[PDB]
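Printed here is model19.csv (CSV, C-alpha atoms):
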chain,number,residue,atom,x,y,z
A,1,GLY,CA,19.8,-17.5,6.7
A,2,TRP,CA,17.6,-14.6,7.7
A,3,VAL,CA,13.8,-14.3,7.8
A,4,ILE,CA,11.4,-11.4,8.4
A,5,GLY,CA,7.9,-11.4,9.8
A,6,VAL,CA,5.5,-8.5,9.4
A,7,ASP,CA,2.2,-7.9,11.3
A,8,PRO,CA,1.1,-5.1,8.9
A,9,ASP,CA,-1.6,-3.5,11.0
A,10,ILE,CA,-1.5,-0.6,13.3
A,11,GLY,CA,-0.5,-2.1,16.4
A,12,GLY,CA,1.6,-4.5,14.4
A,13,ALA,CA,5.4,-5.0,14.2
A,14,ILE,CA,8.2,-6.3,12.1
A,15,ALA,CA,10.5,-9.0,13.3
A,16,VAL,CA,13.9,-10.2,12.1
A,17,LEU,CA,15.4,-13.6,12.8
A,18,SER,CA,19.1,-13.9,12.2
A,19,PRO,CA,21.1,-17.1,11.5
A,20,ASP,CA,23.0,-16.7,14.8
A,21,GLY,CA,19.8,-17.3,16.7
A,22,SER,CA,19.3,-13.7,17.7
A,23,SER,CA,16.1,-11.8,17.0
A,24,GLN,CA,14.7,-8.2,16.8
A,25,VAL,CA,11.2,-6.7,16.7
A,26,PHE,CA,10.1,-3.1,16.0
A,27,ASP,CA,6.7,-1.6,16.5
A,28,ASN,CA,5.0,-0.3,13.4
A,29,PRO,CA,5.4,3.5,13.2
A,30,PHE,CA,2.2,5.5,12.9
A,31,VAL,CA,0.8,9.0,12.6
A,32,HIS,CA,-2.6,10.4,13.4
A,33,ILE,CA,-5.2,11.4,10.8
A,34,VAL,CA,-8.6,13.0,11.2
A,35,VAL,CA,-11.1,11.2,8.8
A,36,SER,CA,-14.7,12.5,8.9
A,37,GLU,CA,-14.0,14.3,12.2
A,38,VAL,CA,-12.8,11.0,13.8
A,39,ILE,CA,-9.2,10.5,15.0
A,40,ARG,CA,-7.6,7.6,13.3
A,41,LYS,CA,-4.1,6.1,13.2
A,42,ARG,CA,-2.2,5.6,10.0
A,43,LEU,CA,1.1,3.9,9.2
A,44,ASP,CA,4.2,6.1,8.9
A,45,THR,CA,5.4,5.3,5.4
A,46,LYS,CA,8.8,7.1,5.7
A,47,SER,CA,9.6,5.6,9.1
A,48,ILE,CA,8.7,2.1,7.8
A,49,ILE,CA,11.0,2.5,4.7
A,50,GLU,CA,13.9,3.9,6.7
A,51,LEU,CA,13.4,1.1,9.2
A,52,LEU,CA,13.7,-1.5,6.4
A,53,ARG,CA,16.7,0.3,4.9
A,54,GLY,CA,18.4,0.0,8.3
A,55,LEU,CA,17.9,-3.7,8.8
A,56,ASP,CA,20.9,-6.1,8.8
A,57,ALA,CA,19.0,-8.5,6.7
A,58,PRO,CA,20.7,-9.0,3.3
A,59,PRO,CA,18.8,-8.2,0.1
A,60,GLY,CA,16.6,-11.1,-1.0
A,61,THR,CA,15.5,-12.0,2.5
A,62,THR,CA,12.0,-13.4,2.5
A,63,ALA,CA,9.4,-11.5,4.5
A,64,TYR,CA,6.4,-13.4,5.8
A,65,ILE,CA,3.4,-11.0,6.2
A,66,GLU,CA,-0.1,-11.7,7.5
A,67,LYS,CA,-2.8,-11.1,4.9
A,68,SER,CA,-5.7,-10.6,7.2
A,69,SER,CA,-9.3,-9.4,7.3
A,70,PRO,CA,-10.8,-7.2,10.1
A,71,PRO,CA,-16.3,-8.0,9.0
A,72,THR,CA,-17.7,-5.9,11.9
A,73,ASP,CA,-16.2,-2.5,11.1
A,74,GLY,CA,-17.1,-2.2,7.4
A,75,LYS,CA,-16.2,0.7,5.2
A,76,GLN,CA,-12.9,2.5,5.9
A,77,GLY,CA,-12.1,-0.5,8.1
A,78,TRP,CA,-11.3,-2.5,5.0
A,79,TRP,CA,-9.7,0.5,3.3
A,80,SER,CA,-7.4,0.7,6.3
A,81,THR,CA,-6.7,-3.0,6.2
A,82,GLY,CA,-5.8,-2.9,2.4
A,83,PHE,CA,-3.9,0.4,2.9
A,84,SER,CA,-1.7,-1.0,5.6
A,85,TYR,CA,-1.2,-4.2,3.6
A,86,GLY,CA,-0.4,-2.5,0.4
A,87,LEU,CA,1.9,0.0,2.2
A,88,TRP,CA,3.9,-2.9,3.7
A,89,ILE,CA,4.2,-5.1,0.6
A,90,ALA,CA,5.4,-2.2,-1.5
A,91,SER,CA,7.9,-1.1,1.2
A,92,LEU,CA,9.3,-4.6,1.4
A,93,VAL,CA,9.6,-5.2,-2.4
A,94,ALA,CA,11.3,-1.8,-2.7
A,95,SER,CA,13.8,-2.6,0.0
A,96,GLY,CA,15.0,-5.7,-1.8
A,97,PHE,CA,13.0,-8.3,0.2
A,98,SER,CA,10.8,-11.1,-1.2
A,99,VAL,CA,7.3,-11.3,0.2
A,100,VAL,CA,5.2,-14.4,1.0
A,101,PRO,CA,1.7,-13.7,2.3
A,102,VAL,CA,0.4,-16.0,5.1
A,103,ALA,CA,-3.2,-16.4,6.1
A,104,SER,CA,-3.9,-15.6,9.8
A,105,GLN,CA,-5.5,-19.1,10.1
A,106,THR,CA,-2.3,-20.7,8.7
A,107,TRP,CA,0.3,-19.4,11.2
A,108,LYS,CA,-2.2,-19.6,14.1
A,109,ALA,CA,-3.0,-23.3,13.3
A,110,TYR,CA,0.7,-24.1,13.1
A,111,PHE,CA,1.3,-22.8,16.6
A,112,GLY,CA,-2.1,-24.2,17.9
A,113,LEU,CA,-3.8,-20.9,18.4
A,114,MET,CA,-6.7,-21.1,15.9
A,115,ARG,CA,-9.4,-21.8,18.5
A,116,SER,CA,-7.8,-20.0,21.5
A,117,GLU,CA,-10.0,-18.3,24.1
A,118,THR,CA,-7.1,-15.9,24.7
A,119,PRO,CA,-5.5,-15.6,21.2
A,120,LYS,CA,-3.4,-12.4,21.8
A,121,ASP,CA,-2.2,-13.7,25.2
A,122,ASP,CA,-1.2,-17.1,23.9
A,123,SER,CA,0.7,-15.6,21.0
A,124,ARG,CA,2.9,-13.7,23.4
A,125,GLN,CA,3.5,-16.9,25.4
A,126,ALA,CA,4.2,-18.8,22.2
A,127,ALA,CA,6.6,-16.1,21.0
A,128,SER,CA,8.4,-15.9,24.4
A,129,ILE,CA,8.8,-19.7,24.4
A,130,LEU,CA,10.5,-19.5,20.9
A,131,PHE,CA,12.5,-16.4,21.8
A,132,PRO,CA,13.0,-16.1,25.6
A,133,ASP,CA,15.3,-13.1,25.2
A,134,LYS,CA,12.2,-11.2,24.0
A,135,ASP,CA,10.4,-12.0,27.2
A,136,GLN,CA,10.8,-8.3,28.4
A,137,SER,CA,9.4,-7.1,25.1
A,138,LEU,CA,6.3,-9.4,25.3
A,139,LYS,CA,5.2,-8.4,28.9
A,140,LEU,CA,2.2,-6.2,28.2
A,141,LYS,CA,-1.1,-7.1,26.5
A,142,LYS,CA,-0.4,-4.5,23.8
A,143,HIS,CA,2.7,-6.5,22.8
A,144,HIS,CA,0.7,-9.1,20.8
A,145,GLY,CA,1.7,-7.2,17.6
A,146,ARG,CA,5.3,-8.0,18.4
A,147,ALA,CA,4.4,-11.6,19.1
A,148,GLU,CA,2.5,-12.1,15.9
A,149,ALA,CA,5.5,-10.7,13.8
A,150,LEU,CA,7.8,-13.1,15.7
A,151,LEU,CA,5.5,-16.0,15.0
A,152,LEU,CA,5.1,-15.0,11.4
A,153,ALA,CA,8.9,-15.2,11.0
A,154,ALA,CA,9.1,-18.4,13.1
A,155,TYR,CA,6.5,-20.0,10.9
A,156,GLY,CA,8.3,-19.0,7.7
A,157,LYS,CA,11.6,-20.3,9.2
A,158,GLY,CA,9.9,-23.6,10.3
A,159,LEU,CA,10.8,-23.3,14.0
A,160,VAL,CA,9.0,-25.7,16.4
A,161,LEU,CA,7.9,-25.2,19.9
A,162,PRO,CA,10.0,-27.3,22.3
A,163,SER,CA,8.3,-29.9,24.4
A,164,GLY,CA,7.1,-28.5,27.7
A,165,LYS,CA,4.3,-26.7,29.3
A,166,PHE,CA,2.2,-23.9,27.8
B,1,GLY,CA,11.0,21.4,-12.8
B,2,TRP,CA,9.3,18.0,-13.1
B,3,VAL,CA,6.0,16.8,-11.8
B,4,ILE,CA,4.3,13.4,-11.5
B,5,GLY,CA,0.6,12.5,-11.5
B,6,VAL,CA,-0.7,9.1,-10.4
B,7,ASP,CA,-4.2,7.6,-10.9
B,8,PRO,CA,-3.6,4.8,-8.4
B,9,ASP,CA,-6.4,2.5,-9.4
B,10,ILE,CA,-6.5,-0.5,-11.6
B,11,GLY,CA,-7.2,1.1,-14.9
B,12,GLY,CA,-5.1,4.1,-13.7
B,13,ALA,CA,-1.8,5.5,-14.9
B,14,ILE,CA,1.3,7.5,-14.0
B,15,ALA,CA,2.2,10.7,-15.9
B,16,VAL,CA,5.5,12.6,-15.9
B,17,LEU,CA,5.7,16.3,-17.0
B,18,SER,CA,9.2,17.5,-17.8
B,19,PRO,CA,10.4,21.1,-17.8
B,20,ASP,CA,11.0,21.1,-21.5
B,21,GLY,CA,7.2,20.7,-22.1
B,22,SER,CA,7.2,17.0,-23.0
B,23,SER,CA,5.1,14.5,-21.2
B,24,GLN,CA,4.8,10.7,-20.7
B,25,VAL,CA,2.1,8.4,-19.4
B,26,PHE,CA,2.3,4.7,-18.4
B,27,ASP,CA,-0.6,2.3,-17.7
B,28,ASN,CA,-0.7,0.8,-14.3
B,29,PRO,CA,0.7,-2.7,-14.4
B,30,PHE,CA,-1.6,-5.4,-13.0
B,31,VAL,CA,-1.9,-9.1,-12.4
B,32,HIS,CA,-4.9,-11.4,-11.9
B,33,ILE,CA,-6.0,-12.8,-8.6
B,34,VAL,CA,-8.8,-15.2,-7.7
B,35,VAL,CA,-10.6,-13.9,-4.5
B,36,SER,CA,-13.5,-16.0,-3.3
B,37,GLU,CA,-13.7,-17.8,-6.7
B,38,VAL,CA,-14.0,-14.4,-8.5
B,39,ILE,CA,-11.4,-13.2,-10.9
B,40,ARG,CA,-10.0,-9.8,-9.8
B,41,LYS,CA,-7.2,-7.5,-11.0
B,42,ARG,CA,-4.4,-6.4,-8.7
B,43,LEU,CA,-1.6,-3.9,-9.2
B,44,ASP,CA,1.8,-5.3,-10.1
B,45,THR,CA,4.1,-4.1,-7.3
B,46,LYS,CA,7.4,-5.1,-8.9
B,47,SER,CA,6.5,-3.5,-12.3
B,48,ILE,CA,5.4,-0.3,-10.6
B,49,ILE,CA,8.6,0.0,-8.6
B,50,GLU,CA,10.8,-0.8,-11.6
B,51,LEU,CA,8.8,1.7,-13.7
B,52,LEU,CA,9.5,4.4,-11.0
B,53,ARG,CA,13.2,3.5,-10.9
B,54,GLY,CA,13.3,4.0,-14.7
B,55,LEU,CA,11.8,7.5,-14.8
B,56,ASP,CA,13.9,10.5,-15.8
B,57,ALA,CA,12.4,12.5,-12.9
B,58,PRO,CA,15.1,13.5,-10.5
B,59,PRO,CA,14.8,12.5,-6.8
B,60,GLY,CA,12.5,14.8,-4.8
B,61,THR,CA,10.0,15.3,-7.6
B,62,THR,CA,6.5,15.8,-6.2
B,63,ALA,CA,3.9,13.1,-7.1
B,64,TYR,CA,0.3,14.3,-7.1
B,65,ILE,CA,-1.9,11.2,-6.5
B,66,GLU,CA,-5.7,10.9,-6.3
B,67,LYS,CA,-7.0,9.9,-2.9
B,68,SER,CA,-10.4,8.6,-4.0
B,69,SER,CA,-13.4,6.6,-2.8
B,70,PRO,CA,-15.1,3.9,-4.9
B,71,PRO,CA,-19.9,3.4,-1.8
B,72,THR,CA,-21.7,0.9,-4.0
B,73,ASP,CA,-19.3,-2.1,-4.0
B,74,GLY,CA,-18.6,-2.3,-0.3
B,75,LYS,CA,-16.3,-4.8,1.3
B,76,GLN,CA,-13.2,-5.8,-0.7
B,77,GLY,CA,-14.0,-2.8,-2.9
B,78,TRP,CA,-12.6,-0.5,-0.3
B,79,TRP,CA,-9.8,-3.0,0.6
B,80,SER,CA,-8.8,-2.8,-3.1
B,81,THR,CA,-9.0,1.0,-3.0
B,82,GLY,CA,-6.8,1.3,0.1
B,83,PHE,CA,-4.5,-1.4,-1.2
B,84,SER,CA,-3.8,0.3,-4.5
B,85,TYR,CA,-3.5,3.6,-2.7
B,86,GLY,CA,-1.1,2.3,-0.1
B,87,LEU,CA,0.9,0.4,-2.7
B,88,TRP,CA,1.4,3.6,-4.7
B,89,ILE,CA,2.3,6.0,-1.9
B,90,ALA,CA,4.9,3.5,-0.6
B,91,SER,CA,6.4,2.9,-4.0
B,92,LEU,CA,6.7,6.6,-4.6
B,93,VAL,CA,8.2,7.5,-1.2
B,94,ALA,CA,10.7,4.6,-1.6
B,95,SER,CA,11.7,5.8,-5.1
B,96,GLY,CA,12.7,9.2,-3.7
B,97,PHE,CA,9.5,11.1,-4.7
B,98,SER,CA,7.4,13.4,-2.5
B,99,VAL,CA,3.7,12.7,-2.3
B,100,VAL,CA,0.8,15.1,-2.3
B,101,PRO,CA,-2.7,13.6,-2.1
B,102,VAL,CA,-5.4,15.4,-4.1
B,103,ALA,CA,-9.1,14.8,-3.7
B,104,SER,CA,-11.0,13.7,-6.8
B,105,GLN,CA,-13.3,16.7,-6.3
B,106,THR,CA,-10.4,19.1,-6.2
B,107,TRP,CA,-8.7,18.4,-9.5
B,108,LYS,CA,-12.0,17.8,-11.3
B,109,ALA,CA,-13.4,21.2,-10.1
B,110,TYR,CA,-10.2,22.9,-11.2
B,111,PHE,CA,-10.6,21.6,-14.8
B,112,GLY,CA,-14.4,22.1,-14.6
B,113,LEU,CA,-15.4,18.4,-14.6
B,114,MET,CA,-17.1,18.1,-11.2
B,115,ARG,CA,-20.6,18.0,-12.6
B,116,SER,CA,-20.0,16.5,-16.0
B,117,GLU,CA,-22.5,14.2,-17.7
B,118,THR,CA,-19.5,12.5,-19.4
B,119,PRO,CA,-16.7,12.7,-16.8
B,120,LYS,CA,-14.3,10.2,-18.3
B,121,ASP,CA,-14.8,11.5,-21.8
B,122,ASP,CA,-14.3,15.2,-20.8
B,123,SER,CA,-11.1,14.3,-18.9
B,124,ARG,CA,-9.6,12.8,-22.1
B,125,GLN,CA,-10.5,16.0,-24.0
B,126,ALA,CA,-9.1,18.2,-21.2
B,127,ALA,CA,-5.9,16.2,-21.2
B,128,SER,CA,-5.5,16.3,-24.9
B,129,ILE,CA,-6.0,20.0,-24.9
B,130,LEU,CA,-3.2,20.4,-22.4
B,131,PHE,CA,-1.0,17.9,-24.1
B,132,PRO,CA,-1.9,17.5,-27.8
B,133,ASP,CA,1.0,15.2,-28.4
B,134,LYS,CA,-0.9,12.6,-26.3
B,135,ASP,CA,-3.9,12.8,-28.5
B,136,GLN,CA,-3.1,9.3,-29.9
B,137,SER,CA,-2.8,7.9,-26.4
B,138,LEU,CA,-6.2,9.4,-25.4
B,139,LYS,CA,-8.2,8.0,-28.3
B,140,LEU,CA,-10.2,5.2,-26.6
B,141,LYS,CA,-12.7,5.4,-23.8
B,142,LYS,CA,-10.4,3.1,-21.7
B,143,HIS,CA,-7.8,5.9,-21.8
B,144,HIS,CA,-9.4,7.9,-19.0
B,145,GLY,CA,-6.9,6.6,-16.6
B,146,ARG,CA,-4.1,8.1,-18.7
B,147,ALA,CA,-6.1,11.4,-18.8
B,148,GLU,CA,-6.6,11.5,-15.0
B,149,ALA,CA,-2.9,11.0,-14.3
B,150,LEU,CA,-2.1,13.8,-16.8
B,151,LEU,CA,-4.6,16.1,-15.2
B,152,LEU,CA,-3.3,15.3,-11.7
B,153,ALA,CA,0.2,16.3,-12.9
B,154,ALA,CA,-1.2,19.4,-14.7
B,155,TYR,CA,-3.1,20.5,-11.6
B,156,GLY,CA,0.0,20.0,-9.4
B,157,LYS,CA,2.0,22.1,-11.9
B,158,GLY,CA,-0.7,24.8,-12.1
B,159,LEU,CA,-1.3,24.5,-15.9
B,160,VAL,CA,-4.3,26.3,-17.3
B,161,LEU,CA,-6.6,25.4,-20.2
B,162,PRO,CA,-6.0,27.8,-23.1
B,163,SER,CA,-9.0,29.9,-24.3
B,164,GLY,CA,-11.0,28.0,-26.9
B,165,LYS,CA,-13.7,25.5,-27.4
B,166,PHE,CA,-14.3,22.4,-25.4
I'd like the structure from this file rewritten - as structure tokens, please.
Amino acid sequence: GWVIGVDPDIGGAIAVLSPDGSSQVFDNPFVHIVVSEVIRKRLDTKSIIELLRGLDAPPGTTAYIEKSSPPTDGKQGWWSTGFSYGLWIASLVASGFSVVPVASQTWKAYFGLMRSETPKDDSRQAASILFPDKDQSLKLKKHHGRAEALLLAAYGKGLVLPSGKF
Amino acid sequence: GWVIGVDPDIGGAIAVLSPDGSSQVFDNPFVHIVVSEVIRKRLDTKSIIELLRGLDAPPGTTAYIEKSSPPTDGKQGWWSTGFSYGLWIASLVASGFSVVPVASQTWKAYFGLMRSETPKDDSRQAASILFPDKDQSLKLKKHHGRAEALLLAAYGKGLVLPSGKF
């Protein structure tokens, strides 16, 4: 009855949809790291795992995670993408959750965002239409990570946008 | 009293040194994946975790893992490197182990392999000198992953090569 959505990137989030209709979303924890004298962010492994071990989702809950691709930042931009992705899939399988990777094109096309002039903005609107109680948590432009994780869970659950304006 | 060494790559291995002097080494489990019509290998997350949960190393054992760098295969060659690395560090932290990353230059320089004409061959020799009971398991050229994992654990433990020939 539960479902999890994971935007695995820095700036991402993990969302939990419960069978009683309620939802939750948590920002991905991160630390700082200096790579070649440049300040980078890096996911916080311990905080992610402890977050997963504190969820109310029963073991076996399916986690829908975006398997993405950054090709204009190149080396150590794909290392970061694979690192964050490998970190999340391992943390989920170790917490008792089943993992289903979803292409970014797939969940965006389902919610009609594939060719959006404002993709991050529309995802927050689409996420607040599905979960109006998260409207506070989708206010800022930096909340598109929370929105993607919610849409990833909503796609995996098969939710549909109600008829109305966008 | 225990120590773990992890060559995180495909073709890598995980080694366990016990306080009674004995040692073990396991090949990294993998699956096949077709990426852009090309057959690739990819670490087996479930088999890695189950392997970690079956070790006799008590919780809190430090795991020394190589943090490496492949720059002549480029895109999706660094995604693979970060993916395997993120997969391992998450699987280790989730199994109760503490992680200490070690540069490839660091452990190679400690065992005098930094400027070796035959780096993979010498690592197997160095590993069989430290652990002669693994001589059978270091016979083939493809066993350099097992050797690296053993040397990673031997470095983290502070072992020294006895005086003698190489």
Restrict the calculation to all atoms listed in the file, then for each residue of chain B with any atom at most 12 Å from an atom of chain A give the closest atom pair and their distance in Å to one decimal, rows by chain and rising residue number, as a Markdown table.
| residue | atom | partner | partner_atom | distance |
| --- | --- | --- | --- | --- |
| B:8 | CA | A:86 | CA | 11.9 |
| B:42 | CA | A:86 | CA | 10.7 |
| B:43 | CA | A:86 | CA | 9.8 |
| B:44 | CA | A:90 | CA | 9.8 |
| B:45 | CA | A:90 | CA | 6.2 |
| B:46 | CA | A:93 | CA | 6.9 |
| B:47 | CA | A:93 | CA | 10.5 |
| B:48 | CA | A:90 | CA | 9.3 |
| B:49 | CA | A:94 | CA | 6.7 |
| B:50 | CA | A:94 | CA | 9.0 |
| B:51 | CA | A:94 | CA | 11.8 |
| B:52 | CA | A:94 | CA | 10.5 |
| B:53 | CA | A:94 | CA | 9.9 |
| B:67 | CA | A:83 | CA | 11.6 |
| B:68 | CA | A:79 | CA | 10.9 |
| B:69 | CA | A:79 | CA | 9.4 |
| B:70 | CA | A:79 | CA | 10.4 |
| B:71 | CA | A:75 | CA | 8.4 |
| B:72 | CA | A:75 | CA | 10.7 |
| B:73 | CA | A:75 | CA | 10.1 |
| B:74 | CA | A:75 | CA | 6.7 |
| B:75 | CA | A:78 | CA | 6.6 |
| B:76 | CA | A:78 | CA | 6.9 |
| B:77 | CA | A:79 | CA | 8.2 |
| B:78 | CA | A:79 | CA | 4.7 |
| B:79 | CA | A:82 | CA | 4.4 |
| B:80 | CA | A:82 | CA | 6.3 |
| B:81 | CA | A:79 | CA | 6.4 |
| B:82 | CA | A:83 | CA | 4.1 |
| B:83 | CA | A:82 | CA | 4.1 |
| B:84 | CA | A:86 | CA | 6.6 |
| B:85 | CA | A:83 | CA | 6.5 |
| B:86 | CA | A:87 | CA | 4.4 |
| B:87 | CA | A:86 | CA | 4.4 |
| B:88 | CA | A:90 | CA | 7.7 |
| B:89 | CA | A:87 | CA | 7.3 |
| B:90 | CA | A:87 | CA | 5.4 |
| B:91 | CA | A:90 | CA | 5.8 |
| B:92 | CA | A:90 | CA | 9.4 |
| B:93 | CA | A:46 | CA | 6.9 |
| B:94 | CA | A:94 | CA | 6.5 |
| B:95 | CA | A:94 | CA | 8.0 |
| B:96 | CA | A:46 | CA | 10.4 |
| B:97 | CA | A:46 | CA | 11.2 |
| B:98 | CA | A:46 | CA | 10.4 |
| B:99 | CA | A:45 | CA | 10.8 |
Fit target chain A, mobile chain B, all Cα in order, as a compact mmCIF listing (two decimals) with C-alpha atoms, in the frame of the given file:
# COMPACT_ATOMS: atom_id res chain seq x y z
CA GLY B 1 19.82 -17.48 6.65
CA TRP B 2 17.60 -14.58 7.73
CA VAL B 3 13.87 -14.27 7.83
CA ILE B 4 11.41 -11.40 8.36
CA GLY B 5 7.89 -11.42 9.80
CA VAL B 6 5.49 -8.49 9.44
CA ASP B 7 2.19 -7.85 11.30
CA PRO B 8 1.11 -5.11 8.89
CA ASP B 9 -1.57 -3.51 10.98
CA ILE B 10 -1.55 -0.52 13.20
CA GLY B 11 -0.54 -2.08 16.44
CA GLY B 12 1.60 -4.54 14.39
CA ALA B 13 5.34 -5.05 14.19
CA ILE B 14 8.26 -6.28 12.09
CA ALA B 15 10.55 -9.08 13.35
CA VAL B 16 13.96 -10.13 12.02
CA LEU B 17 15.44 -13.61 12.78
CA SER B 18 19.16 -13.90 12.14
CA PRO B 19 21.10 -17.10 11.52
CA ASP B 20 23.03 -16.78 14.71
CA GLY B 21 19.77 -17.27 16.72
CA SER B 22 19.22 -13.64 17.73
CA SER B 23 16.06 -11.81 16.98
CA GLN B 24 14.69 -8.22 16.81
CA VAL B 25 11.23 -6.71 16.74
CA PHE B 26 10.14 -3.12 15.92
CA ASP B 27 6.70 -1.52 16.48
CA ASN B 28 4.97 -0.26 13.45
CA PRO B 29 5.42 3.48 13.18
CA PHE B 30 2.18 5.48 12.88
CA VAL B 31 0.80 8.96 12.62
CA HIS B 32 -2.63 10.45 13.40
CA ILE B 33 -5.19 11.38 10.83
CA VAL B 34 -8.61 12.99 11.17
CA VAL B 35 -11.12 11.15 8.83
CA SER B 36 -14.67 12.43 8.91
CA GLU B 37 -14.00 14.29 12.22
CA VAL B 38 -12.77 11.00 13.83
CA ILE B 39 -9.25 10.58 15.01
CA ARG B 40 -7.59 7.57 13.30
CA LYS B 41 -4.08 6.07 13.25
CA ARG B 42 -2.18 5.57 10.01
CA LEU B 43 1.11 3.84 9.29
CA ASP B 44 4.15 6.06 8.91
CA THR B 45 5.44 5.31 5.40
CA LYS B 46 8.76 7.15 5.68
CA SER B 47 9.62 5.55 9.08
CA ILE B 48 8.76 2.10 7.77
CA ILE B 49 10.94 2.48 4.70
CA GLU B 50 13.85 3.93 6.68
CA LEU B 51 13.45 1.13 9.26
CA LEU B 52 13.71 -1.45 6.37
CA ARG B 53 16.76 0.31 4.92
CA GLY B 54 18.41 0.03 8.38
CA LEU B 55 17.95 -3.72 8.87
CA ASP B 56 20.92 -6.08 8.85
CA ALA B 57 18.97 -8.51 6.64
CA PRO B 58 20.72 -8.95 3.36
CA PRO B 59 18.81 -8.23 0.10
CA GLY B 60 16.55 -11.11 -1.00
CA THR B 61 15.50 -12.06 2.51
CA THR B 62 11.96 -13.45 2.52
CA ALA B 63 9.32 -11.42 4.46
CA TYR B 64 6.39 -13.45 5.76
CA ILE B 65 3.45 -11.00 6.19
CA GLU B 66 -0.09 -11.63 7.45
CA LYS B 67 -2.78 -11.14 4.84
CA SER B 68 -5.72 -10.64 7.21
CA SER B 69 -9.33 -9.48 7.33
CA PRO B 70 -10.71 -7.17 10.04
CA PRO B 71 -16.29 -7.99 9.01
CA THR B 72 -17.67 -5.90 11.84
CA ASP B 73 -16.25 -2.41 11.08
CA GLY B 74 -17.07 -2.23 7.41
CA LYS B 75 -16.22 0.67 5.18
CA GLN B 76 -12.93 2.49 5.91
CA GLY B 77 -12.09 -0.51 8.10
CA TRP B 78 -11.27 -2.53 5.05
CA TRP B 79 -9.71 0.53 3.29
CA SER B 80 -7.37 0.75 6.32
CA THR B 81 -6.67 -2.99 6.12
CA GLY B 82 -5.80 -2.90 2.41
CA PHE B 83 -3.90 0.34 2.87
CA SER B 84 -1.62 -0.99 5.58
CA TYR B 85 -1.24 -4.20 3.64
CA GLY B 86 -0.39 -2.48 0.39
CA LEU B 87 1.92 -0.04 2.13
CA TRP B 88 3.90 -2.92 3.64
CA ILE B 89 4.22 -5.17 0.60
CA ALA B 90 5.45 -2.18 -1.47
CA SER B 91 7.93 -1.08 1.14
CA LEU B 92 9.32 -4.56 1.40
CA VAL B 93 9.59 -5.24 -2.35
CA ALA B 94 11.28 -1.80 -2.79
CA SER B 95 13.79 -2.56 0.02
CA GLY B 96 14.97 -5.68 -1.82
CA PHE B 97 12.94 -8.25 0.22
CA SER B 98 10.79 -11.09 -1.13
CA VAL B 99 7.24 -11.31 0.12
CA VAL B 100 5.22 -14.33 1.09
CA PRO B 101 1.65 -13.73 2.30
CA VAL B 102 0.43 -16.03 5.09
CA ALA B 103 -3.18 -16.36 6.14
CA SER B 104 -3.97 -15.60 9.78
CA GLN B 105 -5.49 -19.08 10.04
CA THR B 106 -2.36 -20.72 8.74
CA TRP B 107 0.24 -19.47 11.18
CA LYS B 108 -2.18 -19.60 14.12
CA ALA B 109 -3.07 -23.29 13.38
CA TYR B 110 0.62 -24.11 13.10
CA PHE B 111 1.31 -22.78 16.65
CA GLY B 112 -2.04 -24.19 17.87
CA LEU B 113 -3.83 -20.84 18.43
CA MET B 114 -6.70 -21.12 15.94
CA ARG B 115 -9.33 -21.80 18.56
CA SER B 116 -7.87 -20.04 21.55
CA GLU B 117 -10.02 -18.33 24.18
CA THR B 118 -7.10 -15.88 24.70
CA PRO B 119 -5.53 -15.52 21.23
CA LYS B 120 -3.42 -12.45 21.83
CA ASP B 121 -2.23 -13.66 25.19
CA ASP B 122 -1.27 -17.18 23.90
CA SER B 123 0.65 -15.62 20.98
CA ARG B 124 2.84 -13.66 23.44
CA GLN B 125 3.53 -16.88 25.38
CA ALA B 126 4.25 -18.81 22.16
CA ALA B 127 6.63 -16.11 21.05
CA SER B 128 8.41 -15.93 24.31
CA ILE B 129 8.85 -19.64 24.33
CA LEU B 130 10.51 -19.47 20.94
CA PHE B 131 12.51 -16.44 21.80
CA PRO B 132 13.01 -16.09 25.58
CA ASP B 133 15.28 -13.13 25.15
CA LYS B 134 12.16 -11.17 24.05
CA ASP B 135 10.36 -11.98 27.21
CA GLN B 136 10.76 -8.33 28.37
CA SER B 137 9.37 -7.07 25.09
CA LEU B 138 6.31 -9.39 25.37
CA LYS B 139 5.28 -8.37 28.88
CA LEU B 140 2.18 -6.22 28.19
CA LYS B 141 -1.07 -7.15 26.54
CA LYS B 142 -0.36 -4.46 23.84
CA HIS B 143 2.68 -6.55 22.82
CA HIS B 144 0.67 -9.01 20.74
CA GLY B 145 1.69 -7.26 17.63
CA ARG B 146 5.35 -7.94 18.45
CA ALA B 147 4.39 -11.62 19.14
CA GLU B 148 2.53 -12.01 15.81
CA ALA B 149 5.46 -10.67 13.79
CA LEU B 150 7.79 -13.08 15.66
CA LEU B 151 5.50 -15.98 15.01
CA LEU B 152 5.15 -15.06 11.33
CA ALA B 153 8.97 -15.13 11.07
CA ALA B 154 9.15 -18.39 13.11
CA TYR B 155 6.54 -20.06 10.91
CA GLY B 156 8.36 -18.94 7.73
CA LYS B 157 11.60 -20.37 9.18
CA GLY B 158 9.91 -23.63 10.26
CA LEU B 159 10.74 -23.30 14.01
CA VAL B 160 9.02 -25.70 16.35
CA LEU B 161 7.84 -25.24 19.95
CA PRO B 162 10.05 -27.28 22.29
CA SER B 163 8.32 -29.99 24.43
CA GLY B 164 7.06 -28.50 27.68
CA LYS B 165 4.23 -26.70 29.28
CA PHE B 166 2.20 -23.94 27.81
Non-local contacts of segment 134-145 of chain A (12 Å; only C-alpha atoms; under 2 positions in same chain excluded) as an MDAnalysis selection string: chainID A and resid 5:15 17 22:28 66 118:132 147:152
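For the residues B:19, B:4, B:54, B:29, ranking by smallest atom-to-atom distance to residue 155 of chain B using only C-alpha atoms places B:4 first.
Pairwise distance (atom CA of residue 55 of chain A, atom CA of residue 113 of chain A) equals 29.3 Å.
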